[PDB]
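Shown next, in structure tokens, is the structure this report addresses.
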Amino acid sequence: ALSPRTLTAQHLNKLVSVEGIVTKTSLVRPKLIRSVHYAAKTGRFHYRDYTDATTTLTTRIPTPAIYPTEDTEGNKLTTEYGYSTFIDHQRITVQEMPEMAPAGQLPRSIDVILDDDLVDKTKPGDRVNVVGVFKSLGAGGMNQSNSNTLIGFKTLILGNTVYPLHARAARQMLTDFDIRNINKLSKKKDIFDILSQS
Amino acid sequence: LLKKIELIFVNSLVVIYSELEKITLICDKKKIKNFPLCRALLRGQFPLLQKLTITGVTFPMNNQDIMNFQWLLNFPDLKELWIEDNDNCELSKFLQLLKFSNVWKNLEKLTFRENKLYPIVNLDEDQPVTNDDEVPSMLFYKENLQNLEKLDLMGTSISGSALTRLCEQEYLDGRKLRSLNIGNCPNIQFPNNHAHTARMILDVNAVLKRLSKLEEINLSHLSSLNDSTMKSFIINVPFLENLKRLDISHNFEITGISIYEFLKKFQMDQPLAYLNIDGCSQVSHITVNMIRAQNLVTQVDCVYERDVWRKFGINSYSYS
């Protein structure tokens, strides 16, 4: 159980929970995960799976997001949307709570990836707890086109659940005991004075 | 005096033959747009012809006698038939021939491979009666296929139930069958799959009970063989004790999990002799290195970069 400050390189590839405030939510985009193609002469439906470092918890070989256009025999393919499969994808920045940041330091932040039904579960300014796998991705400048010796690797949380918060939950649950107490108090003749004095 | 003739018609430009023993006709399907020996094969007889191998030709549309394999009745004693990428042929018409004549006293091996996906063929077990006062037509599937050692149906759109019916009817003999190739057949689904039409199901338990002594299985390009479906093979390990050579290559689904637990339960039988998983993008390199290291297979091939399977001469006589 961490925050965007105390989340540390020792935590990479572990399952972590981070508390913070959401900022800079990306647009929602469909991410291609499988495409299906009718080979016009052959009659078979070919298909192709896709992978990147966000779609999987393990570093499977990447797939270049290219659509097929020809069969092995050279027969022209046609892409079949509606049988092809896309997940919704969203990237959000969770910022450290300013109340927690130590003396004279500004809040740290980290980027979370959310997929399918987790998308749009938060808007900016939401205080949140995110659970997910903290990961690294990309080449980190090890690819020799990058001369810079010092830059680090990009890192993310691949999200598994998102809880909104106002603990000191954003929407409080009410027991029937709460319902009955709330109604009981409402019948006290001077309840407006009681609540406003409270 | 010619006993064995081969023709490899690389390009195009514009009666009794007792001597012959083997005819191999191979064509560039792109350049050749007809069927060279069509008149000769339908008109003549080649009564001592042991092996016939026709690939890449294009059957004429104007001749249902060709398309129904009516000529193919001409050749008794035909120890082996190989027929591959014959673009306008169909396994349906072939099985209709096999229904209605005892065409061959003996086939040791059959190999049929149509290229394009024709509609679903189910085993046509309908035995009609002209009248119930008259005989039902004797169906010659048994005595035609009773002899087979090698059955190969790669790419042929045979439905899974058709193959189970071939085994339940005991048309395929089992006691003599040794090598089965059903790769690239999109109409095969295994029992654990929830998504199907029931007559595409293969009942591997029934099949492997029937034909238990077989050596060599080929399921390459059988995308339907996901990891869940491999569980059916795991529990049916006791019925395939003769199996030495297993090709499941170019399966883009099969994770190393199924591979490993299959070889581990097989080890409860002594390694499997040989296994092919070339092009299988999902088998983890460390798993296959474990397979080598713990010696669960005497040889295993993992050329991930090998794009294609049709080694000419060895696996296929389709030209180039």
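The way I read the labels, and the way they are meant: chains A, B, ... in the order of the structure tokens, residue 1 as the first residue of every chain, and ligand 1 as the first ligand shown, with later ones counted on from there.
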
Report as CSV: every residue of chain B with an atom at most 10 Å from chain A, its closest pair of atoms, and their distance in Å to one decimal, counting only C-alpha atoms, with rows sorted by chain and ascending residue number.
```
residue,atom,partner,partner_atom,distance
B:30,CA,A:73,CA,9.9
B:115,CA,A:42,CA,7.5
B:116,CA,A:42,CA,4.6
B:117,CA,A:43,CA,5.4
B:118,CA,A:43,CA,7.8
B:119,CA,A:43,CA,9.5
B:186,CA,A:44,CA,8.2
B:252,CA,A:49,CA,8.7
B:253,CA,A:49,CA,9.5
B:281,CA,A:61,CA,8.8
B:282,CA,A:60,CA,8.8
B:284,CA,A:60,CA,9.4
B:307,CA,A:72,CA,9.4
B:308,CA,A:72,CA,8.6
```

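Neighbouring residues of residue 49 (chain B) at 7 Å or closer, counting only C-alpha atoms and skipping chain neighbours under 6 positions away, are residues 20, 21, 22, 75, 77 and 78 of chain B.
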
For the structure I just gave you, how does DSSP split region 25-158 of chain B - specifically, which residues are strand (DSSP E)? Reply as a ChimeraX atom specification.
/B:25-27,51-55,80-84,109-113,150-152

So that I can check the surroundings of residue 55 (chain B), please list as a PyMOL selection string every protein, DNA and RNA residue that reaches within 12 Å of it, counting only C-alpha atoms and ignoring chain neighbours fewer than 3 positions away.
chain B and resi 6-9+23-29+32+34-36+52+58-59+81-89+111-115+312-313+316-320

May I have the selected residues written with N, CA and C atoms, as a CSV table (one decimal), in the first residue's frame?
```csv
chain,number,residue,atom,x,y,z
B,6,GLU,N,6.9,-39.1,-64.1
B,6,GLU,CA,6.7,-37.9,-63.4
B,6,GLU,C,6.6,-36.8,-64.4
B,7,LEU,N,5.7,-35.8,-64.3
B,7,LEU,CA,5.6,-34.6,-65.0
B,7,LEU,C,5.5,-33.5,-64.1
B,8,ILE,N,6.2,-32.4,-64.3
B,8,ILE,CA,6.2,-31.2,-63.4
B,8,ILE,C,6.0,-30.1,-64.4
B,9,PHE,N,4.8,-29.7,-64.7
B,9,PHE,CA,4.4,-28.8,-65.7
B,9,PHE,C,4.6,-27.4,-65.1
B,23,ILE,N,2.2,-42.8,-61.4
B,23,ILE,CA,2.0,-41.6,-62.1
B,23,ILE,C,2.0,-40.4,-61.1
B,24,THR,N,3.0,-39.5,-61.3
B,24,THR,CA,3.1,-38.3,-60.5
B,24,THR,C,2.9,-37.1,-61.4
B,25,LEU,N,1.8,-36.3,-61.3
B,25,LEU,CA,1.5,-35.1,-62.0
B,25,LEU,C,1.5,-33.9,-61.1
B,26,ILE,N,2.4,-33.0,-61.4
B,26,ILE,CA,2.6,-31.8,-60.5
B,26,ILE,C,2.5,-30.6,-61.4
B,27,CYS,N,1.9,-29.5,-61.0
B,27,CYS,CA,1.6,-28.4,-61.8
B,27,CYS,C,1.8,-27.1,-61.0
B,28,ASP,N,2.3,-26.0,-61.7
B,28,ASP,CA,2.2,-24.7,-61.1
B,28,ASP,C,0.8,-24.2,-61.3
B,29,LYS,N,0.1,-24.2,-60.2
B,29,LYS,CA,-1.3,-23.8,-60.1
B,29,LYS,C,-1.6,-22.4,-60.7
B,32,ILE,N,-0.7,-23.2,-64.8
B,32,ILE,CA,-1.6,-24.2,-65.4
B,32,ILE,C,-3.0,-23.9,-65.0
B,34,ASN,N,-5.8,-25.8,-66.6
B,34,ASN,CA,-6.6,-26.9,-67.1
B,34,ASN,C,-6.0,-28.2,-66.4
B,35,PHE,N,-6.4,-29.3,-67.0
B,35,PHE,CA,-6.0,-30.6,-66.4
B,35,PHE,C,-5.3,-31.5,-67.5
B,36,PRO,N,-4.0,-31.6,-67.5
B,36,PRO,CA,-3.3,-32.2,-68.7
B,36,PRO,C,-3.8,-33.6,-69.1
B,52,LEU,N,-0.7,-43.0,-57.4
B,52,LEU,CA,-1.1,-41.9,-58.2
B,52,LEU,C,-1.0,-40.6,-57.4
B,58,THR,N,-6.3,-28.0,-62.3
B,58,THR,CA,-7.6,-27.4,-62.2
B,58,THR,C,-8.7,-28.2,-62.9
B,59,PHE,N,-9.6,-28.8,-62.1
B,59,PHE,CA,-10.6,-29.7,-62.7
B,59,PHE,C,-11.5,-28.8,-63.6
B,81,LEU,N,-3.2,-43.1,-53.0
B,81,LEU,CA,-3.7,-41.9,-53.7
B,81,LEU,C,-3.3,-40.7,-52.9
B,82,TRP,N,-2.6,-39.7,-53.6
B,82,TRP,CA,-2.3,-38.4,-53.1
B,82,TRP,C,-2.9,-37.4,-54.0
B,83,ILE,N,-3.6,-36.4,-53.5
B,83,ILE,CA,-4.3,-35.4,-54.3
B,83,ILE,C,-4.5,-34.1,-53.6
B,84,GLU,N,-3.9,-33.0,-54.1
B,84,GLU,CA,-3.6,-31.8,-53.3
B,84,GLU,C,-3.6,-30.6,-54.1
B,85,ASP,N,-4.3,-29.6,-53.6
B,85,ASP,CA,-4.5,-28.2,-54.2
B,85,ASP,C,-5.1,-28.3,-55.6
B,86,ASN,N,-6.0,-29.3,-55.8
B,86,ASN,CA,-6.7,-29.5,-57.1
B,86,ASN,C,-8.0,-28.6,-57.0
B,87,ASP,N,-7.8,-27.3,-57.5
B,87,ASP,CA,-8.6,-26.2,-57.0
B,87,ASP,C,-10.1,-26.4,-57.1
B,88,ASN,N,-10.6,-27.0,-58.2
B,88,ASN,CA,-12.0,-27.2,-58.4
B,88,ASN,C,-12.5,-28.6,-58.0
B,89,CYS,N,-11.7,-29.4,-57.3
B,89,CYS,CA,-12.2,-30.7,-56.8
B,89,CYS,C,-12.9,-30.4,-55.5
B,111,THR,N,-4.5,-39.6,-49.2
B,111,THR,CA,-4.1,-38.2,-48.9
B,111,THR,C,-4.9,-37.3,-49.9
B,112,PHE,N,-5.8,-36.6,-49.3
B,112,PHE,CA,-6.7,-35.6,-50.0
B,112,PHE,C,-6.5,-34.2,-49.4
B,113,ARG,N,-6.2,-33.2,-50.2
B,113,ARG,CA,-6.1,-31.8,-49.7
B,113,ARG,C,-6.6,-30.8,-50.7
B,114,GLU,N,-7.9,-30.5,-50.6
B,114,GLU,CA,-8.4,-29.4,-51.3
B,114,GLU,C,-7.9,-28.1,-50.7
B,115,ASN,N,-7.8,-27.0,-51.5
B,115,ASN,CA,-7.2,-25.8,-51.0
B,115,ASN,C,-8.2,-24.8,-50.4
B,312,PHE,N,8.5,-29.1,-49.9
B,312,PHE,CA,8.3,-29.9,-51.1
B,312,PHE,C,8.9,-31.2,-51.1
B,313,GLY,N,8.2,-32.2,-51.6
B,313,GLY,CA,8.7,-33.6,-51.6
B,313,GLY,C,8.5,-34.4,-50.3
B,316,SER,N,4.6,-32.3,-49.1
B,316,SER,CA,3.7,-31.9,-50.1
B,316,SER,C,4.3,-32.1,-51.5
B,317,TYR,N,3.4,-32.3,-52.4
B,317,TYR,CA,3.8,-32.3,-53.8
B,317,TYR,C,3.1,-31.2,-54.6
B,318,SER,N,2.5,-30.2,-53.9
B,318,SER,CA,2.1,-29.0,-54.5
B,318,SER,C,3.3,-28.2,-54.9
B,319,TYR,N,3.3,-27.6,-56.1
B,319,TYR,CA,4.5,-27.1,-56.6
B,319,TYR,C,4.8,-25.7,-56.1
B,320,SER,N,5.9,-25.5,-55.4
B,320,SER,CA,6.5,-24.2,-55.0
B,320,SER,C,5.6,-23.2,-54.4
```

Counting only C-alpha atoms, what is within 12 Å of region 140-153 of chain A, bar same-chain residues fewer than 5 positions away, as a PDB file with N, CA, C and O atoms, in the first residue's frame?
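The new file out_21.pdb reads:
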```
ATOM      1  N   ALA A   9      11.423   1.825  -7.390  1.00  0.00           N
ATOM      2  CA  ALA A   9      11.847   0.838  -8.384  1.00  0.00           C
ATOM      3  C   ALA A   9      11.913  -0.576  -7.811  1.00  0.00           C
ATOM      4  O   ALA A   9      11.818  -1.550  -8.566  1.00  0.00           O
ATOM      5  N   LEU A  12       8.780  -2.786  -8.760  1.00  0.00           N
ATOM      6  CA  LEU A  12       8.439  -3.100 -10.142  1.00  0.00           C
ATOM      7  C   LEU A  12       8.049  -4.565 -10.294  1.00  0.00           C
ATOM      8  O   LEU A  12       8.659  -5.453  -9.691  1.00  0.00           O
ATOM      9  N   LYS A 135       4.823  -1.594 -13.413  1.00  0.00           N
ATOM     10  CA  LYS A 135       5.632  -2.162 -14.486  1.00  0.00           C
ATOM     11  C   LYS A 135       6.508  -1.092 -15.115  1.00  0.00           C
ATOM     12  O   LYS A 135       6.249   0.105 -14.991  1.00  0.00           O
TER      13      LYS A 135
END
```

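Comparing B:202, B:272, B:303, B:211 by their smallest distance to residue 285 (chain B), the closest is B:303 (using only C-alpha atoms).
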
Correct to one decimal, the distance CA of residue 155 (chain A)-CA of residue 134 (chain A) is 7.3 Å

Got a sec to tell me which of chain A DSSP assigns to alpha helix (DSSP H), as a ChimeraX atom specification?
/A:176-186,191-197

File dump, residues just selected, N, CA and C atoms, as a CSV table (one decimal), in the first residue's frame:
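To be explicit, this is the file written out as again.csv:
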```csv
chain,number,residue,atom,x,y,z
A,176,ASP,N,-30.0,0.1,6.9
A,176,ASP,CA,-31.3,0.4,7.4
A,176,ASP,C,-31.3,1.1,8.8
A,177,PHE,N,-30.3,0.8,9.6
A,177,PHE,CA,-30.1,1.6,10.8
A,177,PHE,C,-29.9,3.0,10.5
A,178,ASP,N,-29.0,3.4,9.6
A,178,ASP,CA,-28.8,4.8,9.2
A,178,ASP,C,-30.1,5.4,8.7
A,179,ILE,N,-30.9,4.7,7.8
A,179,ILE,CA,-32.1,5.2,7.3
A,179,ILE,C,-33.1,5.5,8.5
A,180,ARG,N,-33.2,4.6,9.4
A,180,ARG,CA,-34.1,4.8,10.5
A,180,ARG,C,-33.7,5.9,11.4
A,181,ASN,N,-32.4,6.0,11.7
A,181,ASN,CA,-31.9,7.1,12.5
A,181,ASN,C,-32.1,8.5,11.8
A,182,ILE,N,-31.8,8.5,10.5
A,182,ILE,CA,-32.0,9.8,9.8
A,182,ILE,C,-33.4,10.2,9.8
A,183,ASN,N,-34.4,9.3,9.7
A,183,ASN,CA,-35.8,9.6,9.8
A,183,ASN,C,-36.2,10.0,11.2
A,184,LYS,N,-35.6,9.3,12.2
A,184,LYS,CA,-35.9,9.6,13.6
A,184,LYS,C,-35.5,11.1,13.9
A,185,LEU,N,-34.3,11.5,13.5
A,185,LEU,CA,-33.8,12.8,13.8
A,185,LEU,C,-34.6,13.9,13.1
A,186,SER,N,-35.1,13.6,11.8
A,186,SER,CA,-35.9,14.5,11.1
A,186,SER,C,-37.2,14.9,11.7
A,191,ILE,N,-34.9,20.3,14.2
A,191,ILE,CA,-33.8,19.6,13.6
A,191,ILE,C,-32.9,20.5,12.8
A,192,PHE,N,-33.5,21.6,12.1
A,192,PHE,CA,-32.7,22.5,11.4
A,192,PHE,C,-31.7,23.2,12.2
A,193,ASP,N,-32.1,23.6,13.4
A,193,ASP,CA,-31.1,24.2,14.4
A,193,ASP,C,-30.1,23.2,14.9
A,194,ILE,N,-30.5,22.0,15.1
A,194,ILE,CA,-29.5,21.0,15.6
A,194,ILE,C,-28.4,20.7,14.5
A,195,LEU,N,-28.9,20.6,13.2
A,195,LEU,CA,-27.9,20.3,12.2
A,195,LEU,C,-27.0,21.5,11.9
A,196,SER,N,-27.6,22.7,11.9
A,196,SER,CA,-26.8,23.9,11.6
A,196,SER,C,-25.8,24.2,12.8
A,197,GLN,N,-26.3,24.0,14.0
A,197,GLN,CA,-25.3,24.1,15.1
A,197,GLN,C,-24.3,23.0,15.1
```

Shell around residue 123 (chain B) at 10 Å using only C-alpha atoms, local window under 5 positions removed, as a PyMOL selection string:
chain B and resi 92+95-96+99+141+158-166

Suppose you want the space between CA of residue 114 (chain A) and CA of residue 85 (chain A); what is it in Å?
16.9 Å

Please list as a ChimeraX atom specification every residue within 10 Å of residue 97 (chain A), counting only C-alpha atoms and excluding residues in the same chain fewer than 3 positions away.
/A:3-5,19-22,94,100-101,106-109,127-128

Counting only C-alpha atoms, what is within 8 Å of residue 17 (chain B), bar same-chain residues fewer than 3 positions away, as a list in words?
residues 20, 44, 45, 46 and 47 of chain B

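Here CA of residue 146 (chain B) stands at a distance of 24.3 Å from CA of residue 67 (chain B).
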
Minimum-distance residue to residue 93 (chain A), chosen among A:156, A:2, A:118, A:40 (using only C-alpha atoms)
A:156
